[PDB]
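Structure 1 and structure 2 below are the same protein chain in two forms, each given by itself as structure tokens.
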Structure 1
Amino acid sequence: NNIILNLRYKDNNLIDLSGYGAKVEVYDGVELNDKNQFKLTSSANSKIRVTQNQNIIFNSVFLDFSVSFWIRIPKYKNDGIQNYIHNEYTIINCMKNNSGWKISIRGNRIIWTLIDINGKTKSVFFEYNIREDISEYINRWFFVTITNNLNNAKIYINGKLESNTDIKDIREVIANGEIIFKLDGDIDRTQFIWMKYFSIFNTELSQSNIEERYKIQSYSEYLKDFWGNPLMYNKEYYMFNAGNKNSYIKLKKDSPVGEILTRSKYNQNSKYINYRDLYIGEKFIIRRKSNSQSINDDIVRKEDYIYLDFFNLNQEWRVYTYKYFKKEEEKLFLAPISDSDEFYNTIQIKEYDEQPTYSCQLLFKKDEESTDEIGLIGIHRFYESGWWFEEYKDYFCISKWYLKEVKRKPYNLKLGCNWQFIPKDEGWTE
């Protein structure tokens, strides 16, 4: 409600479904999908022009409005950190007679600029850290909302207030110009931005309305990968533990188990950046257990029954749990595909969290029918060796312990039963 522009995918196109029937021109250089995602590149013809309807009556000038959208901003090039930090570029422009708003990016900053008839210019921005071992923001879908009052220009991220500027010094802003979606500034030939669900409202939205909107635009039947795109069957993925962020799974040498190693890090000499490597450890692949069920698309849904496979020695291997583990946690068995009575191979994929998340849980069961729970896949510190000094070592494991900890509310984000799946993505190079 109060919505005055609402860009949505429809028949190989973007259209205003606000109910005010704006004209939208998508040029040949914009990539679209039925997931409502669209891509702006460096190309001259990667642009969208939106003309607001001029046969219906709207405000000539206005300073009580809001802009909502999701964005996915690719990681800096390691050898391009100078240009990234310094070179500001517009992504969305709405200016008639040298006044109105624009959205722009300078490296790890997203910037909201107002300009009045007089030419007074005020900005509010949101900067994310590019020294984090694992960023919540770099190359990942997140939710932006910018509200405007007479007093305050606010930026909310994933439903939470983050930045505030005083804009009482600005009285008059023209908000009825053409909205041009286009990368405009000294960008690299390879620069691009993904956006979805771009909306404009004729009101300043409450924090409550922004958080309800974050939760609804986040909800799906289907699970999501590390980047925030839909999780897929038959797709190569690396595995991230949300509970042990700097951990990764590797097949132990001459042993059919998964040892947990520490992620390698950014090794070059830039003082401005640091990250943990993401494209390390075993390459996993998700398979549907059943083909007799209806499987029109390759999208992984909550409560689906899967096999969890990985590649070893140019062969597809599988993750099993031993059937008879008396202990509270056991090392998983990583071995070729095999009908063996001594091991379970069936996983149900769960979402125990009720807040928006990209994490999922992996529940071993007897059969698709059996109603009893064996344990959740996680990580555990096991006794390795020593009598005087005791060596302990992390292994890829199952645990009954997790079954009780997933029931506690608010959901414990720190549990090692919380996994994300990371495919190779052009927006992350290391």
Structure 2
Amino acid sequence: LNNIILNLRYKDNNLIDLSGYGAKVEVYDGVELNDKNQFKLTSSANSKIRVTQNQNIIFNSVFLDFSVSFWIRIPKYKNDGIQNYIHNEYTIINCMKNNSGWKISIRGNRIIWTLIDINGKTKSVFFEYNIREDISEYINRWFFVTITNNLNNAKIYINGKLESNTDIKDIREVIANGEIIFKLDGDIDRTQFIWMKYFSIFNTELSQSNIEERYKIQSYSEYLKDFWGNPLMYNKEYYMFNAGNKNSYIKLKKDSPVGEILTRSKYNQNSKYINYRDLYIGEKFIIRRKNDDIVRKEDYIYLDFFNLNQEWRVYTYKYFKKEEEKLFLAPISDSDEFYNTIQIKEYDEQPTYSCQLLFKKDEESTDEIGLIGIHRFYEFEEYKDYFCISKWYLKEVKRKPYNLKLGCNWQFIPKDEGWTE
């Protein structure tokens, strides 16, 4: 029960230890903090946190039995810096005394946990995510790490699921009471940074079930998230991603007030080692409110986008005949032939960055018109995908477990310094 030994959390533009053991926490000025409990380690020398642990308590006095958890957001490789990204390992958190202890380090797309015992014997376990996926769930997106250690095993879990295990039976005493230094340390680019959140240390080996429960608890928000895992905001420019159509994007049809669906361009240059689909493409959307700028579940919104100079709006025709229809993309108007009001939803009960977009006849009405999605229309005659409304989604979204791959699952992508293309 009482298993938390460091609980680094935000309070009053600072980070403090809430564990009750009174670790001294010194955040130097180069660490950026925000009240969403996110903090940024940069390449600058004063970008560091020094934690001095309670020196009169030993939590693993006889056998190894401890865990570390945190969320992290690691920027995408620079396309012209792939060799350094792949090869240059840098520490981000170090807890050593007399050349024994643990550290967390990163090498490109790999995050690494290392134990070093009093005899200098070394063991590591790591998680490496693909850097050749069209769409990555991990690159520059917030994800949840938990590492556990016992007599036999060092494990890394990602988003609650076991990724890797290393046998550490031949590891002896590891000195655990050293200072904990949060700082980038290695042959790094000047532009390199890491974001982290909710860093915690536990004095037992957490079970997968326990880890999964913390994943859900720490994921939970009344607001919706963007593609990167940050809070979704009003009045902020976004590209749109479709979870059921990963490689597809929305573009205003030439000389027609509808949204056609096109295939994402991909990594253009010629590195054997990387691949991705472009993200900063398609119309630039913006969410308008119908005290903060955060978009919450059940909010009523307008979905707008910029057509060159003008802010246009996404509508559905009130009286479309079939189960699905093309959305109407047009100037802002109070027309009585179109519904303009969208309720933003979260039908998934599990953590996700996807949201769903519901048209209703009226805010005080429980009458549902349909969900925004993508549909293959037939109109020589050919098939062609369009930005659509569909009634079929209405029953689909109530099925358990939730279908992550429904075309009514959207994510919003803002420009982010951690993703360049």
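Only residues modelled in both forms are compared. Just so we're on the same page, residue numbers count up from 1 along structure 1's sequence. Under this definition, the rigid core comprises the largest set of C-alpha atoms superposing within 1.5 Å between the forms.
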With the core superposed, a Cα shift of 2 Å or more between the two structures singles out one residue among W401, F62, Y27, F69. Which one is it?
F62
Rigid-core fit: what Cα movement does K326 have between the two structures, in Å to one decimal?
1.9
Where the rigid core has been superposed, how far does the Cα of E373 end up moving between the two structures, given in Å?
0.3
Do any runs of 3 or more residues shift their CA by 2 Å or more between the two structures on a core fit, and if so, which ones, in sequence order?
54 to 62
